[PDB]
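Chains as they are written, first to last, in the numbering used here: chain A, 4 to 253; chain B, 11 to 260; chain C, 620 to 870; chain D, 6 to 257.
To start, the structure itself, in structure tokens.
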Amino acid sequence: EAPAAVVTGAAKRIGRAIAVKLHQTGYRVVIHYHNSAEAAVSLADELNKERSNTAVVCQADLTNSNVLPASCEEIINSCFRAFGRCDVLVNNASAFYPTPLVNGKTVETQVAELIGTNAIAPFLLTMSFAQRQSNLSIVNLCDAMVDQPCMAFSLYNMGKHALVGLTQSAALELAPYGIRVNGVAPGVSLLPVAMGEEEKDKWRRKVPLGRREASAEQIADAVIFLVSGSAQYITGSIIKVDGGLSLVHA
Amino acid sequence: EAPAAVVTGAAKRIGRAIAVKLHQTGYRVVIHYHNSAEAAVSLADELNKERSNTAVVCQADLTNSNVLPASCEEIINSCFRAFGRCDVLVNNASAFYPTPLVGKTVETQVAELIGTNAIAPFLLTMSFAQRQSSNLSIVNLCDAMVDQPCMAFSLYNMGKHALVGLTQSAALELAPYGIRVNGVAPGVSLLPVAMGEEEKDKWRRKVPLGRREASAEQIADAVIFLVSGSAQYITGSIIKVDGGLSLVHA
Amino acid sequence: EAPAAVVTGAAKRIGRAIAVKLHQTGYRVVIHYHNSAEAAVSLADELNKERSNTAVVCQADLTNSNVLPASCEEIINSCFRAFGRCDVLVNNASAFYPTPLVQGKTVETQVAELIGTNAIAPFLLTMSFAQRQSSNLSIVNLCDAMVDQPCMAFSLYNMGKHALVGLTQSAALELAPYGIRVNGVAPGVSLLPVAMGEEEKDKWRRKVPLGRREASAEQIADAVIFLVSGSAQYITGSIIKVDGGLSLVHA
Amino acid sequence: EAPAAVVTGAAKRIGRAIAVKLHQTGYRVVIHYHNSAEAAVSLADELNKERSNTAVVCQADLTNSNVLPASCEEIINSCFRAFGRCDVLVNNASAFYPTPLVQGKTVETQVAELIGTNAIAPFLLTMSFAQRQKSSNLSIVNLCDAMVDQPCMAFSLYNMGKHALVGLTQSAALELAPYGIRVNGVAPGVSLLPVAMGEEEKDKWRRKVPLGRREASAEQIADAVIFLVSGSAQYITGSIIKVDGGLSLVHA
Ligand SMILES: NC(=O)c1ccc[n+]([C@@H]2O[C@H](COP(=O)([O-])OP(=O)(O)OC[C@H]3O[C@@H](n4cnc5c(N)ncnc54)[C@H](OP(=O)(O)O)[C@@H]3O)[C@@H](O)[C@H]2O)c1
Ligand SMILES: NC(=O)c1ccc[n+]([C@@H]2O[C@H](COP(=O)([O-])OP(=O)(O)OC[C@H]3O[C@@H](n4cnc5c(N)ncnc54)[C@H](OP(=O)(O)O)[C@@H]3O)[C@@H](O)[C@H]2O)c1
Ligand SMILES: NC(=O)c1ccc[n+]([C@@H]2O[C@H](COP(=O)([O-])OP(=O)(O)OC[C@H]3O[C@@H](n4cnc5c(N)ncnc54)[C@H](OP(=O)(O)O)[C@@H]3O)[C@@H](O)[C@H]2O)c1
Ligand SMILES: NC(=O)c1ccc[n+]([C@@H]2O[C@H](COP(=O)([O-])OP(=O)(O)OC[C@H]3O[C@@H](n4cnc5c(N)ncnc54)[C@H](OP(=O)(O)O)[C@@H]3O)[C@@H](O)[C@H]2O)c1
Ligand SMILES: Nc1nc(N2CCCC2)c2cc[nH]c2n1
Ligand SMILES: Nc1nc(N2CCCC2)c2cc[nH]c2n1
Ligand SMILES: Nc1nc(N2CCCC2)c2cc[nH]c2n1
Ligand SMILES: Nc1nc(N2CCCC2)c2cc[nH]c2n1
Ligand SMILES: Nc1nc(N2CCCC2)c2cc[nH]c2n1
Ligand SMILES: Nc1nc(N2CCCC2)c2cc[nH]c2n1
Numbered sequence: 004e005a006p007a008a009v010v011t012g013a014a015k016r017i018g019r020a021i022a023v024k025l026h027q028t029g030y031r032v033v034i035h036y037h038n039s040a041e042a043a044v045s046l047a048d049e050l051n052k053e054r055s056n057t058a059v060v061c062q063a064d065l066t067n068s069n070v071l072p073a074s075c076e077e078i079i080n081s082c083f084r085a086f087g088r089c090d091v092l093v094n095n096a097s098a099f100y101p102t103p104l105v106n107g108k109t110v111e112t113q114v115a116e117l118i119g120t121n122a123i124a125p126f127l128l129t130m131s132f133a134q135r136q137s138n139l140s141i142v143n144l145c146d147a148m149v150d151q152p153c154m155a156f157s158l159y160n161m162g163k164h165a166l167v168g169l170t171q172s173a174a175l176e177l178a179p180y181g182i183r184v185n186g187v188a189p190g191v192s193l194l195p196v197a198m199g200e201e202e203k204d205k206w207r208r209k210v211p212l213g214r215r216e217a218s219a220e221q222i223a224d225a226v227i228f229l230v231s232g233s234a235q236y237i238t239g240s241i242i243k244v245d246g247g248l249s250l251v252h253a
Numbered sequence: 011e012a013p014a015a016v017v018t019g020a021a022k023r024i025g026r027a028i029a030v031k032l033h034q035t036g037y038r039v040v041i042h043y044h045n046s047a048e049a050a051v052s053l054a055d056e057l058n059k060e061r062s063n064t065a066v067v068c069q070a071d072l073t074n075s076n077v078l079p080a081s082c083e084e085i086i087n088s089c090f091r092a093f094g095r096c097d098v099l100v101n102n103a104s105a106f107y108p109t110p111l112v113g114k115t116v117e118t119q120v121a122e123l124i125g126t127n128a129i130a131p132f133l134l135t136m137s138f139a140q141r142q143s144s145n146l147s148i149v150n151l152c153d154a155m156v157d158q159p160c161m162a163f164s165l166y167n168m169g170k171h172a173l174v175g176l177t178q179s180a181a182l183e184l185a186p187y188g189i190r191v192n193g194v195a196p197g198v199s200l201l202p203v204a205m206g207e208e209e210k211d212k213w214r215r216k217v218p219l220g221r222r223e224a225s226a227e228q229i230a231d232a233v234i235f236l237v238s239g240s241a242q243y244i245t246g247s248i249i250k251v252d253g254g255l256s257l258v259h260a
Numbered sequence: 620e621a622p623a624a625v626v627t628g629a630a631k632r633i634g635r636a637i638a639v640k641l642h643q644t645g646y647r648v649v650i651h652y653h654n655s656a657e658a659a660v661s662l663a664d665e666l667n668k669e670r671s672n673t674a675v676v677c678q679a680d681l682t683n684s685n686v687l688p689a690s691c692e693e694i695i696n697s698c699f700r701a702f703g704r705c706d707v708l709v710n711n712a713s714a715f716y717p718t719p720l721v722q723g724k725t726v727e728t729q730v731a732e733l734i735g736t737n738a739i740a741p742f743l744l745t746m747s748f749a750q751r752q753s754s755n756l757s758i759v760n761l762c763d764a765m766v767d768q769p770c771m772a773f774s775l776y777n778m779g780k781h782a783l784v785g786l787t788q789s790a791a792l793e794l795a796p797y798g799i800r801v802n803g804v805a806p807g808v809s810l811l812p813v814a815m816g817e818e819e820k821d822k823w824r825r826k827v828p829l830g831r832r833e834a835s836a837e838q839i840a841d842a843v844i845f846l847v848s849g850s851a852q853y854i855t856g857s858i859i860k861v862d863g864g865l866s867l868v869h870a
Numbered sequence: 006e007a008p009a010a011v012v013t014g015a016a017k018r019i020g021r022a023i024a025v026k027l028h029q030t031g032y033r034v035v036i037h038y039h040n041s042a043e044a045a046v047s048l049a050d051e052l053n054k055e056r057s058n059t060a061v062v063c064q065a066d067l068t069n070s071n072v073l074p075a076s077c078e079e080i081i082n083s084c085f086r087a088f089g090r091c092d093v094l095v096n097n098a099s100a101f102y103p104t105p106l107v108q109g110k111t112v113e114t115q116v117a118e119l120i121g122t123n124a125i126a127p128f129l130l131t132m133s134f135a136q137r138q139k140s141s142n143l144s145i146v147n148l149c150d151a152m153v154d155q156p157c158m159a160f161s162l163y164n165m166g167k168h169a170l171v172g173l174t175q176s177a178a179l180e181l182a183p184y185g186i187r188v189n190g191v192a193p194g195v196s197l198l199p200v201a202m203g204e205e206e207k208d209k210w211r212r213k214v215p216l217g218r219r220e221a222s223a224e225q226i227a228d229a230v231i232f233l234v235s236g237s238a239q240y241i242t243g244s245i246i247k248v249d250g251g252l253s254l255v256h257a
């Protein structure tokens, strides 16, 4: 019987690649999404055409609010409902935009989105994952540049730092239950086609290893390693997949 | 004219020692507090008896909420109202209790622990900066054990990690305004007055340097250094004041 | 044809597991050793019995000295002589013993051995490896998860391991233009020997959150195999703990 | 009676600033030097002019070798010979130059100088400082580097040496705590550019620094040393204070 995985923010880009790779590895998957309904449903349809009854979608807003714990429990619940088990949680969903210290979004909203998606939802999901329980593990999508942050991204950066601490705290606390908790920390990865070519080049030429971005598949490869039988003594580790970017001085 | 400082959670213990030392160095102080109203008022009284109208109190819950931004803005405003300037912000107030992964609701624990330890500091930092011989700085009370966290303290530890991220982000972003942003990271300092001495001795015995906890004053001494003219090129630094505790293996 | 790897200190324990797993993966291997000659030769015999002409031995002391650069050059050269290429270098050899700061090897001999094996030799091997340079070239350095919470009285060992973190990052940056990746694997507690008592072993095992046991040599080797593989082609400068959570545990 | 300090590499630049501040704060000082004998004796003269019999020079090569442990012991012994005590050690001496991995000095020499000055000598100085101990505020301050995790291209040996020094700072803080000896570091970013250096190269470095687009002064580095040795840092051990104007926070 096939294990099952929840991948948050899995309708497109890096989360989608992670879902695809877990599916190719033999996992059944819950494709969580927020706004990307068509892409999510299309992805589930493709995966089920490949192997029947192996993919479902699950919609949720992961912005912080008083109902977020119930939304996070329901995501985990949805994996048990479809597949009867939940072996892997990948916390990939993430809001990302600048919040200068000095658009129509209120600061209350920025806090809720940036800290909710990057940190609090990962925490609540982790809680519900553990509570609802083989090679069980969680993989948090972190950020290789967390200690050399981009200008004006304080709330996003706080979120991702929080996620490091969660990865560590949950690894320690969940180890007695046989649940491993690790991270993958991308540097520059899968720049959107629509992003300006000059801006894409500016970022790509920062990367010592090949002067290029990571593919989504390269990021997925590190997730696949961490959930695998070859990582069974690894917990609390965060693997940078950054081409050396984080090592480069100003 | 004398400089002014805001100290959050300044009624008792470490926040009080910081307030007192800043006042002894010649600062006017805002004594922020939440529940410890008697202690906050009598402290301000003691300081004002020493030098007339050099201390004021300002009450506010720093739990995350829709009204938290306005609260933080009003704390910085009270400094300007009292003293016409705000040179130093010390983010010391902090909720601290366990939140195991397996009567407060979790969404309330999220609000209190992430609010006090991270989101209020961010909002105070915004309000501080927006209001801007000059020697402006922020000191954030961090935690030397943030990478070796206590069992069952996920939310607290996430909060403190987010606080390291804020320290670094804001140091980078506010540097052009001449505002320095640093941290002080205690390990074991004052233990609860209610905690039995024999239990206190179990924390104390872990500390390499003298097998005892830090005084409030020892913590305050690092804060005084960082706000001083002797630290004018120091920004984004977090100084452990931990007696070596963070270096001690399991 | 098959890629080739050098593994230092490969006769026993973790080094041997790394060599075996690389060989299983399709690599030809140079088994470097210092004193463990019988085990090195026995290992080469076993691997060659699986596939002919895929394992050789190279003896060298990796203590720091005036002759270490040449020794390191010869270790790399042993791989080219045998196999005609050198794709992977694994810096695993390591001296390990206490060097109390406050008081019969002389201190200069302890410096030589501990800094030599853990840091200078890996630097010199890295130089010789790079100088000899589609392909998938990489270096994996065996680091230590407890490098920031070091054991009492192990200053020189700990200095050597910190210096190795430095080399890992410095070499990642500098060799990236050549497509040579440089990474680390950081064990916590692994394969405790008979030379240790039950109290002492239980003391260490019991600290580990994930199962209250040491890592097997194979588990350390698994992380090495990943870093060397095509699945880690964008990874350089990364150090992967394989420590069961040990490093996260406060005092 | 005044406490005494050893400052390695103290004839000029940052080491001098440290020795001076220590002296002014009331320390008697051993000014260690390797090649800058004229600069060392001249500083000892100024300081002795301020207060008689409160400074001496001490020459030593801190390159790794089999006699380095004796050289380090003699530096400490020299503080006790002159002053009867040794309360503070500042490990500041440092060789600094590139050592490319892919192709002057032999590599054996590069290793000896860069690992010797930046790491092994500090270890041996620390051992001798501790061993020789017989109110008190004993400490050691190691001059580290804020950019140790974002190394400059082709500086692998120098970087290894500074990383080792981090490890020593931590290890020795742990092991010497029971003797009341605190061990800390100061990690400069960009500090005191040689007048030698070209206008354009100085500018490239200055422009990197978020806090005022300027390098640190020697005095600014020395201020952080003085803090760590002071009674205001009595519970601090094993800490490394960056003094870098935010340089280490700036991404590529
Ligand atoms: N260079 C990089 O791209 C890079 C660098 C460092 C780290 N990372 C990390 O790697 C992961 C994947 O990166 P990416 O570039 O693929 O991310 P992305 O395109 O920015 O977003 C991933 C998903 O997050 C979901 N999300 C956003 N806000 C949400 C909300 N309020 N509630 C629920 N879900 C929400 C979105 O779902 P819908 O589309 O369904 O709305 C989106 O598809 C992220 O955790 C990211 O931080 C990426
Ligand atoms: N003590 C230690 O060993 C230790 C160790 C590591 C880090 N630290 C850090 O050092 C700082 C001081 O430590 P401490 O032990 O003195 O702190 P504490 O006594 O636990 O808390 C300090 C103050 O935080 C304020 N506070 C708590 N919840 C609040 C809320 N919801 N809204 C507004 N204010 C709130 C309280 O104000 P009222 O009393 O007025 O309600 C309290 O007096 C903290 O940031 C702490 O995390 C301390
Ligand atoms: N075991 C652990 O728990 C642990 C924890 C943290 C890190 N590590 C790291 O993981 C790696 C493997 O650990 P391990 O326990 O397998 O190592 P180990 O048994 O202590 O030693 C590995 C090998 O190093 C070689 N070596 C020692 N001194 C040498 C010298 N002067 N010149 C050349 N080679 C020398 C020895 O070769 P000969 O036998 O041929 O003489 C020995 O087989 C090491 O780098 C270690 O530091 C291990
Ligand atoms: N300058 C910066 O931007 C910067 C940045 C990061 C860290 N740092 C650190 O801060 C400290 C001081 O910086 P600096 O720029 O003032 O240093 P520096 O000018 O490069 O040299 C300091 C001293 O080290 C001594 N030294 C060099 N090789 C030696 C040897 N073989 N034996 C004994 N002594 C030797 C020299 O003594 P003689 O002159 O007597 O030969 C020299 O005076 C160093 O530890 C350095 O790495 C500096
Ligand atoms: N959620 C998220 N998205 C990101 N991106 C969305 C498309 C441009 C990159 C980045 C980039 C660094 N951290 C990120 N986190
Ligand atoms: N790791 C990372 N990448 C980033 N980018 C790479 C793709 C576009 C921006 C940004 C941007 C703000 N913080 C970031 N952190
Ligand atoms: N806000 C806060 N209080 C704390 N304490 C108050 C009662 C004794 C400990 C600690 C301890 C570690 N981090 C802390 N943070
Ligand atoms: N070279 C080496 N050997 C080690 N060991 C050999 C006997 C069991 C532990 C350890 C342990 C931590 N780092 C180590 N490094
Ligand atoms: N010993 C030393 N000297 C340095 N310098 C001497 C003259 C130019 C900078 C630097 C610079 C970074 N680390 C350093 N270490
Ligand atoms: N902090 C720092 N500064 C540096 N420099 C300062 C001006 C000359 C070089 C270098 C050079 C190699 N590593 C360095 N680290």
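Idealized CB from N, CA, C, for every residue including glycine.
Fewer than three beta-carbon pairs drawn from the stretch 203–212 of chain B and the stretch 178–187 of chain A are found closer than 8 Å, and the two stretches are therefore not classed as touching. Across the stretch 748–778 of chain C, CB contacts with chain D closer than 8 Å involve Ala749, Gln750, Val766, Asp767, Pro769, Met771, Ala772, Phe773, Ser774, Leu775, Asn777, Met778, in sequence order along the chain.
In chain order, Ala219, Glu220, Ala223 place their CB closer than 6 Å to the CB of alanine 20/A, counting only its own chain and leaving out the 5 sequence neighbours on each side. Taking C-beta atoms under 8 Å as the contact rule, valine 187/A and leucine 248/A fail to qualify, at a distance of about 14 Å. Residues of the same chain with a CB within less than 6 Å of the CB of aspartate 66/D, apart from the 5 flanking positions on each side, are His39 in chain order. In this structure, DSSP gives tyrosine 102/D a state outside helix and strand, which the three-state scheme calls coil. At a threshold of 8 Å, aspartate 153/B counts as near ligand 7, since its beta carbon sits closer than that to one of the ligand's heavy atoms. Using a cutoff of 8 Å, the CB of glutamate 118/D counts as near ligand 4, since one of the ligand's heavy atoms is closer than that. Under DSSP, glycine 803/C forms a beta bridge with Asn760/C, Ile858/C. Contacts with chain C at 9 Å (Cβ-Cβ) do not include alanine 65/B.
Relative to the non-hydrogen atoms of ligand 10, the Cβ of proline 105/D never comes closer than 8 Å to any of them. If you ignore the 5 residues before and after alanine 42/A, its C-beta comes within less than 6 Å of the C-beta of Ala14, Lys15, all in its own chain and listed in chain order. Residue contact with chain C for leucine 48/D: absent (no Cβ-Cβ distance below 9 Å to any residue of chain C). Against chain D, the beta carbon of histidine 252/A has neighbours under 7 Å at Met152, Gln155, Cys157, listed in chain order. Listed along chain C, no residue sits closer than 8 Å to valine 230/D by beta-carbon distance, the nearest being about 21 Å off. Contact between the stretch 27–36 of chain D and the stretch 98–115 of chain D is absent: fewer than three C-beta pairs spanning the two stretches fall below 8 Å. Using a Cβ-Cβ cut-off of 9 Å, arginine 215/B does not count as an interface residue toward chain D, since no Cβ of chain D sits closer than that to its own. Residue contact with chain C for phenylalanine 128/D: present (Cβ-Cβ distance below 9 Å to some residue of chain C).
Runs of the beta strand (DSSP E) lying entirely within the stretch 73–135 of chain A and spanning at least 3 residues, in chain order: 91–94.
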